[PDB]
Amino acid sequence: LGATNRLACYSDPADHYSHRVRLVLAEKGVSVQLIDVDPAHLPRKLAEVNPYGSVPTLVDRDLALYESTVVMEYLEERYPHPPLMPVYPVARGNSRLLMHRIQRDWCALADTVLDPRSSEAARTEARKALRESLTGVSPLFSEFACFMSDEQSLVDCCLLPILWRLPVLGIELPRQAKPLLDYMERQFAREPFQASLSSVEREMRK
């Protein structure tokens, strides 16, 4: 009788994967009960719906979804307004490809830097590799208002939680990265990004 019946999200307030989803929810303006989870003490209602006990986990009546991209895609399709994906197959495939490249080229490296199981070498090299990669891609931010598009999209939702975390990743971008820095300044100021932040995430910057 106590089964889930309202939209809610099990979210680790410190975790960039959870941030992705909180950001997509904030862009959609939908009503959602955020449920903070400690990643070392999973709640019981989460375990009985996600046998991997990962977050973010999105639940609603007769619904349990996890893995951030599954969730984000569910959200884009369930709540079309406003659109965070292009509609036609070519553009849509290019946005999904770019989300996969962000995951492998950037998110993986951030995860290596943050994970206490990483060796010294691994963390340092990843941290350096991530800094050089973002520096490398920076000129592309002079070409579109968002990342590889003039439109807010799930691409941005994947990238922004990492960029928000550069200080906690021990990374600073050089002056030549102005375009990427300008993107960050614009994007962090948007109301939906400001709404996506947990308190612990706020405390990660000034």
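One rule holds for the numbers: they count along the sequence shown, beginning at 1.
Comparing 29-37 with 158-166, the higher mean C-alpha B-factor in the PDB entry belongs to 29-37. Once the C-alpha B-factors are averaged per stretch, 55-63 and 39-47 rank with 39-47 first. Annotation for residue 111: C-alpha temperature factor in the lowest third relative to the rest of the modelled chain, per the entry. The deposited CA B-factor of residue 135 belongs to the highest third of values across its chain.
The PDB entry assigns residue 76 a C-alpha temperature factor belonging to the lowest third of its chain's modelled residues. Split the chain's modelled residues into thirds by C-alpha temperature factor. Residue 181 is in the lowest one.
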